[PDB]
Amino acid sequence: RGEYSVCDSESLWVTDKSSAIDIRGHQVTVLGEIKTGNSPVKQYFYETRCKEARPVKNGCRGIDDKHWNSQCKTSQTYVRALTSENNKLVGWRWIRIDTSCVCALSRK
């Protein structure tokens, strides 16, 4: 996979996540825990983002300079989370979360 890759990134374990955006676009609260009838489990996330928009002054690494215009951007994906709205009723919802670092191309 893109170890060195065209764009550099970082992966980390997020443990504080308390709110987030829905697949519907809503801003919801993310619970700190999960379960019942057994010991409780913590709700955390494995996320990965870009280090910086341009590993090379031009843009992403390994590009055509003249023929292109680039930039590294962090992409999100959907993951299910135990969430709440208003804090009232709790349930599972798809929330957006950083998951990779992609190289976006342009022309001119």
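Start at 1 and count along the sequence shown; that's the residue number.
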Counting only other entries that model residues on either side of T83, is it left out in at least a third? no
Checking the other PDB entries with both flanking residues built, is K73 absent in a third or more? no
Do the CA atoms of 80-88 or those of 18-26 have the higher mean B-factor in the entry? 80-88
Candidate residues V41, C72, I63, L31, the one whose C-alpha B factor the record puts highest: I63
